[PDB]
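Got a structure for you, questions after.
Which chain is which? They are A, B, C, D, E, F, G, H, I, J, K and L, in the order written, and residues in each are numbered from 1.
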Amino acid sequence: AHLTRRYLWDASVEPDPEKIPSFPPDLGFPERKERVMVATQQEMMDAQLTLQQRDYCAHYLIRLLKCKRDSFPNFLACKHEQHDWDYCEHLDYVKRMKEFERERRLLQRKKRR
Amino acid sequence: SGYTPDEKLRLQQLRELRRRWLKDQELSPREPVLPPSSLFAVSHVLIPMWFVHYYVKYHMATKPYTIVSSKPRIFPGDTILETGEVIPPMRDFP
Amino acid sequence: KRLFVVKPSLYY
Amino acid sequence: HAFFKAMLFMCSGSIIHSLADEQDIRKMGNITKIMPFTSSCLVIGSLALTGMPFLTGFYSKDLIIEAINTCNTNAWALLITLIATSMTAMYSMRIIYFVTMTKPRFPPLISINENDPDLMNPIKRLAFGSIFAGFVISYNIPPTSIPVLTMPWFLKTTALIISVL
Amino acid sequence: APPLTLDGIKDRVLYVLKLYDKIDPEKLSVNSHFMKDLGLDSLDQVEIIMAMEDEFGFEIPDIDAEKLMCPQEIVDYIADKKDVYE
Amino acid sequence: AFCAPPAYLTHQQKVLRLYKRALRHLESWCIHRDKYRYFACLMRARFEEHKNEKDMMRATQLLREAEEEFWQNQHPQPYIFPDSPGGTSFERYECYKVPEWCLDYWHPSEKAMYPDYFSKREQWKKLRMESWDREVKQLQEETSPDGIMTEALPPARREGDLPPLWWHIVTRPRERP
Amino acid sequence: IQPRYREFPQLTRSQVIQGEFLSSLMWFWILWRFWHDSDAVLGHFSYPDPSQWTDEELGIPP
Amino acid sequence: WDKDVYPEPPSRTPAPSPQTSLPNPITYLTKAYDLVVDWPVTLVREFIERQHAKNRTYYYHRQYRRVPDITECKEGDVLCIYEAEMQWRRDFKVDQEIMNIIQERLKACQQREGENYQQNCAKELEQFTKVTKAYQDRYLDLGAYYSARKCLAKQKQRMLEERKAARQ
Amino acid sequence: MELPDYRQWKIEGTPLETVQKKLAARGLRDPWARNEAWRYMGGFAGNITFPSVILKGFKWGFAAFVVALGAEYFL
Amino acid sequence: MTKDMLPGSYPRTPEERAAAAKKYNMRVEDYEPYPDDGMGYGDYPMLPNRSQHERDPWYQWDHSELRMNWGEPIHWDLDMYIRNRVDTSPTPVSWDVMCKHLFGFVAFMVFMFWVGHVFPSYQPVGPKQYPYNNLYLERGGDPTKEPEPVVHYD
Amino acid sequence: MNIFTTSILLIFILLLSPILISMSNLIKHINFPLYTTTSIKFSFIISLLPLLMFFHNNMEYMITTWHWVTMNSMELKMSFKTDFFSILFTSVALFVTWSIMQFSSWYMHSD
Amino acid sequence: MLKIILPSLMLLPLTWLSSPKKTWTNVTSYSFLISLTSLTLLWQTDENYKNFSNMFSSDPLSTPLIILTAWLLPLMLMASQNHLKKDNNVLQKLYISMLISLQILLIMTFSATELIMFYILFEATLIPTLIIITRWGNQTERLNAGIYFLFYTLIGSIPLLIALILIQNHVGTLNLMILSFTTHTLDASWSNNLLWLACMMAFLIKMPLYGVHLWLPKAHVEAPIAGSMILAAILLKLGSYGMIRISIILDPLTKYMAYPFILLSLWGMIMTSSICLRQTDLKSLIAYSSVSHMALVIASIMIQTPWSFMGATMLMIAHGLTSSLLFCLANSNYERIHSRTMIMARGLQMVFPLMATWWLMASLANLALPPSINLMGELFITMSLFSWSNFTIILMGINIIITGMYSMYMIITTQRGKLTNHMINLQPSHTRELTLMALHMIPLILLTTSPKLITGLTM
C-alpha cells in the first residue's frame, strides 16, 4: 500500500507521518472553517475525561458515561449511545485519512518542473 | 547373563527377609492407640467486620487525608445534593 | 491394609 | 487470560493425576473419549487461548491485535507478533491433537476417575468464567482508551484468518 | 489406584509373554528359562524387558535387566522394586 | 540398582545396551505405536544382519559406527519414565523416605500410641544384634585369597544365618511412603 | 471407581452429561453472540476508499 | 482535623438519577451494612465515649520559650552554644514536619483531582516547590553532623554570593 | 481381578495389520503386534477427527440458539 | 588424622608419588598431581573435570546426590560440579554449533529490529487533532501565558 | 466511604484468618483445606462489592492504615491504592485461587 | 547508667557464690532481668540526649547497642550451657565470669563520654575474648587465631592512642560533647592527613576492611559459639561506633580521604560475598557474609549523609541479631555431627522440621527480606551511595544478587536434599536451642514492627 510506495518506489510524493500537515491550510480551500466542539472545557473536566479521551467526540463520550451510570446495574442498555460515540470517532478518523490523502495529492502536484 | 547360584540364593534370602519386614510394617486394628448453617458466616465475616469498621470509621476517617477519594463524576443536568446547583446542559449538535 | 509411616520425632 | 490459562493447567493436572503421573504428550492419547469432562474443558481453554470469536480471549486479544496492526509500530515487531499469534494456534493444536485425538498410548492398566466433585466443580466454575467473564468485564469496564475501529477488511479479520490458517 | 500384588504381577507378566509370538503359549510357564528352555536370543530378552517395562511404567536398569532370564525372576524383580507383598 | 556394575562390558553387553537405547529413541521419534513397530522391526533386522561376525575387530568397528550414528540421530528430548533418572517425579518422594533409625528417638509417650509395631521392631533389632557377629566372620572368611575383588557380596551358606550385610538392603523405606 | 485392564472403561453418566453441557454452552454462547454482535468479527464501520475522493472533496487546487 | 492545616475541598456528590427498573444492589447492601454493622459499632463507641466523659483528663502542648541563637554565642562558649544548638534542632525537625504536611497536601490533591491533577493541583505543586526551595536553602549539603554552626556558615556563604552578584 | 483372555486380541482389520503386511513384504514379521492390539480395537476402535472434537455439543448449542432466537423474535 | 594421612606437598620423586597414591586410595598410574605452578594445589590429585551429572545414575552411591562413594578421591571443584550447579554433561548438539545458532538468531533479531525502526509500519492517516490549543490548560500549561493558536480545520 | 474501605480491609483480614488458625492447635481438629477454601470463597464474595461500587461511580481510594515510620520528611505509611487495576485483579485472583484451592485438595489428598 | 552497670558487676558475685547446681539458672535469670532494666534508656521523649553524670552518657546511637549487649548475655549463657557440659565447676564459672566481664566492659564502652575512656574499655575487651577463643576453643589453630585477633587490633589501636593524645593536647579535653560543640575545620596538611588515618585505622580494622579482614575467618572458625556470637554481634560494631563518634572532628578531610576506603569497601563486599559461594565451612561462610555487610556499613559511614548514618545504624543492629542467630544454628548442627563442613550434613529438614523453619527465617534476614530492618538498612545505604555517585548501583546490585545466592545456597545445601541417612547421632532439637533461636528472631520481628527505635542520631 502507501507503505509500499513510500519505502520501495518514490518517496517525494508519499507523505511522512510526522510532517502532516505540510502545506498551508488554505491552499485549495478558499474558506476553511475551523473545527467545532460541542462540550465545554468545564464539562469535559467535570466528567473526569482523560486527556486522550478529551477529543472532539467529547460530547458523545460524556453522553455514554452519563447513560452507563444511569443504567447501572444493567450494563447492556448503552448500545445506541456507544454506537453513536464510536461513529463520531470513525468520522474523525475519516477526516484524518482525508488529511493524509490531501497531503499526498498536494505533494504530487508540487512535483513540478 | 543370568544370576549366579550365589546371587540367586542371596536374592531369595533377602526377598524372604524383605517381605517379612514389610508385613511387620502392617498396623494392627488397635494400633493408633489414641490417649485420652451460618456459624462460620457470623464468626468470620461479621465479628471481624465489627472490629474493622470500628477501626475505619472511628480512627482512619477521623484522621486527616487517611481516606481520600477521586471526585465523583459530574454531568450536565446533574443536581448536586448539598448546594442544590443544577449543572447546565449541552449545546445541541447537528 | 494401613502401614506404619516412620516419622522423625516431633514430640520435642 | 488468567481464567483459561488456569483452566488449561487444571485440565492438564487432571490428566496427569488420572494417568500414572505421566506428563509426556506422547504417552497420552484418546483422552477425549475416556475423560469427557476434562477434554471438554481443555478444548474450551484452547479455543479461549487462541481467541475464537466472543470467548474470553477474544474480548481482549483481538482488540490488541487490532491496535497493533493500526498503530505506528516497528514493522519487524509487528510481523513476528502476528507469526507468533498464528503459532499459538499451532501449538494449541499440538496439544489438542496428540493428547485428545490419536489412539491411546497410555499403560494398559486404566484407572481413570475424574468424578470427584472437588475436581469437577472448580473446573466448572473456571469454564463458566472462560465463557462469560470476558464479555461481562469488557462491557462493564468504563471507557479508557479510544479504540481504532476503522480499518481494511484484511486488517479487521487478520487475527481470525491467521489463527485458523 | 489398585495396589499391586504378587499373583497379579505373575498374571500380567505371563500375559505379555503369552502375547509374544516367538514363545509358544503352551510351553510358557513361570519357571521356564528364556534362552535355554524357550530357546530365545539375547535380543529377544531385550525386547521382553522393554515390553514389561512398558507394561508396568517403570524402567529396568540394564545391569539388572540382563540378569532376569525367566518370568519368575521378572516377577521377583518387580516385587522387590515395588514392595508388594506387605 | 540392585547389582554392582562389572569392571567392564563385553561386546554382548555393549551391543545389547545400544539396541535398547536405539529402540527407545526410535520410539520417542515415532509417537504412534504402529509406526514404532514398523521401524523397530527394521531396527532388529539391521542389528541381526551382522549378528554372527567372528572378526571382533570388524565387529567393534561396526559397533563404533552404530554408536556414532545413534549420537547423530538421538531425539533431542527423549522419553523418560516418570521415576527414571531425569524424569519428572524421579525423586519426588525422597522427602518422606525418612529412615528407621529415627524411631529410636521417639518419646515413650509417642511409642505408646503404637505398642505392637515397636515390639516387633524390638524383635528385629534383637535379630540383627545376633546376626552381626556371624555375618562379619562370614565375609572375613569368604574374602578371596587373591587380591581380586568384586562388589557382589556372598549369600548365607551356613544354616540359621542371615545373609551378610542385610540390614541396609532390608528395611529400606517403601517406594511411596 | 472400578479399574479396568486393556479395555475401555464404562463412563459414569455424570461426567458425560456435564462435559456435553459445558461444550454446548460454549457453542450456544458463540452462536448467540455472533448473531447479535456480528460487527465485532465481520467489521465495524465501512472503511472508505481514499482513491475515489475528488480533488473537490479534499480541496486541492490545480 | 484542622481543616486549615489540612485543607479539604467540598464534596459535590450528584443526584441518584436512576433510569433502570432493576434494583441497584449497592443501595440494599449499604442499608444492610448500616443496620447490621454500623449501628452496633456506634453503640459500642458511644458507650466508650461516655466512659471517657467520666474520668476526663487533660494534656497540654508544651511551649518552648526562645533563647539566644548561635549568632549571639561567643566562640567556644559551650554553655550557650548547647542551648542555641538544641533550639536549632527543634526548629529543624519542626521544619521537617512542615514538609511532611505539605507533601501530604500534595498527595491528597493528586488523589482528589484524579486526571485533572495536571491543572487543578497547580496551587499545591507551587506551594510544594516554594517550600522545598526554602528547605534546600536551609538544610541541604549539611553533613550527617548537621548543626546550627554549619547552617550559619552555609547561609553566610550564600549571602556573600548574593552580595557579590548584586555588586556585579 | 479379571484379566481379559488373550485370545481376544487379534490384528485382523486393525491399522497395525497394514504394518504387518508392509513388513512381510520386506520379509519381516513383528512378534509383538498382539501386545498392542488392545489399543486399536474395542471401545478404542474408531478414529477421532479434529472437527468432531471441536463440534462437541454444537447440535445442542444450535438447538438452544434456535430456541432463544425464536423466543426473542416472539417477545 | 596424622601427617601421612593428610595431604602434603608436590610429589617430587616417584616414591613420594606412590606414597601419595596410597594415601588417596588411587592407583599409582592414575594419580597425577596438579602442575607445579605454586598456586597451593600441592599434592592434591588432579581428577577428571567431569561434573557429577555424568556419574552413573542407577548406582547405589554411598553419598547419594553427591554421587560419590566413601573414600573416593574428591575433585578440587566438587562444590562447583555438584548436581545443583555446573553441568558438563554431553549435549545432543556440539557446543560450537549451539553458540553459533544462538548468537546468529540474536543477530538476526536485532538486525531486523533495526530495519523496522528505520522503516516503520503505519496506517495511512493524519495525526490526531486535539482542541483548545492542544488542551493547553489541562495538559499542564500556565493560565497567564497564551500559547500559539494551533488551529484545526475540516 | 465506609463500606468500600471496610470491605477492602476485610478481604485481607479474611485471607489472614487461615494463617492464624494454622499457627494454633485447632489446625489438627479442623479440616484445614476446606476451611481455607471457604475463607477464599467468602473473600471473593466480599471483593465483589467494591468491584460493583467502582463499576458504578468509578471512585478510586487512597487508604492509609498505619504509620510505619517517619524518616526525616519521608513518612512510610501502610497505604492502599484501590482503583480499576487493584479492584478487578483482586476479584479475579480470589476467584482463580478459590478454584485452585479447592482443586488442590483433590490433587494433593495423598500427600 | 549506674543502675545498669552495678547489677552487671554483681552478677559476678552471684556466679561465684551460687551453688554448683543453681549457678546457670540464677545467672541466666538475673541477666535477663538486667536486660529488662536496660530498657530505661529508651525514655527519650526529647531531643536532649541523656547524660547521667560526668562519666556516663547515652544517645540514640548508644542506647540500641547497649540494649543489644544486655540482651546478648543471657543468650550467650544458654548457647554455652552445652559445650561446657563436662567441665569442672570452677572452669564453668570462669567461662561465665568471662562473659559477664565482657558485657560489663562493652556496656561501659558504649556509654563512655571521653574517648580515653573509650580507648581503654575498647581494648579491655581483647582479654576476655582472647581467653574465650584460646582456652575453650576446639581445634589446634585456635592459638594462631587468638594471636591474629589480638595483634591486628593492637597495631590498629596504638596509632589511635597517639592521635587521641595529640587531640587532647591540641583541644584541651576529650569529652565528646565538648568536641562536638567546639570543633573546627582541619586543613589539608600532610600531618592532618596522617592524623585522619591514625584516628580512623583502628576502627576500620575492627570493622574489617577488605585488606585487613583476615582475622575474622580465623577467629570465628576457631572460637566457640559464645565467642563468635559476642564477637560478630558487638565487637565488630565497636569499630562503626567509634568511627561515628570520632568523625565529627575529622572534617573536611573526609571528602577526599574517604575515596580509598569507600572503594575498598565497595569492592571487598563483592569479593567476600563471592567467596561465600565456594566455601566449605559454614562458620567461614557466615563470617564472610558478616565481612560484606560491614563493608556496606563502612561505605555509608564514610559518606556521612543522614541516610548513610541512619541506615548504617539500622544495619548494624540487624546484622548483630541475624549473624548471631546464624552462628547459633550452625553450632546446633555442629554439637551433633562434630564437623564444620557444609557438604557433610544435608537434608536435615527431614529430621529437624522446626529448626529448618528457623534456618529459613535466618536466611531471609540475611538475604534482606522486605520489610525487615536488614533490608531497610541496606536500601537506605544504597540510596545514600547512589546519591554520592550514581554508578555505585552496579556494585550494589551485583552484591545483592550474590548475597541472595549464598543465602539460599546454605539452605539448599543443608536443610534440603536427601538426608545423610548414615548420621545416627542426629538427636531431636533441644528446647534450649529452639528457645535460643526464638529469642534471636522475636526481637528482630518486633523491631521490624517498630523501626523508630533503632534509627541513628540523624533520623
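The rule we apply is simple: a contact is a pair of C-beta atoms (placed from the backbone, for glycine too) under 8 Å apart; a residue touches a chain by one contact, two chains touch by 3 or more.
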item: Co-neighbours of subunit D and subunit B - touch as defined; value: A, E, F, K
item: Leader among chain pairs (count of C-beta contacts); value: D-G
item: Between subunit E and subunit B, distance of the C-alpha-averaged centres to the nearest whole Å; value: 49
item: Cα-centroid distance, subunit B relative to subunit K, in whole angstrom; value: 8
item: Approximate Å spacing (C-alpha centroids) for the pair subunit F, subunit G; value: 55
item: Residue numbers of subunit I (touch at least two other chains); value: 1, 3, 9, 15, 29-30, 32, 38-40, 43-44, 56-57
item: Two or more partner chains touched - positions in subunit C; value: 3-4, 8-12
item: For subunit A, residues that touch 2 or more chains besides their own; value: 17, 29, 32, 45, 48, 50-51, 55, 65, 69, 72-73, 75, 86, 90, 93-94, 97-98, 100-101
item: Partner subunit D, residues of subunit E touching it in the complex; value: 1-2, 54-57
item: For the subunit C and subunit B complex, residues of the former touching the latter; value: 1-4
item: Parts of subunit H lying in touch with subunit K, wherever the complex brings them together; value: 24-26, 29-30, 33, 37-38, 93, 96, 99-100, 103-104, 107-108, 111, 114, 135
item: Touching residues on subunit A, where the partner in the complex is subunit G; value: 27-29, 32, 86-87, 90, 94, 97-98, 100-102, 105-106, 109
item: Touching residues on subunit B, where the partner in the complex is subunit E; value: 1-3, 7, 11, 15, 18-19, 22-23, 25-26
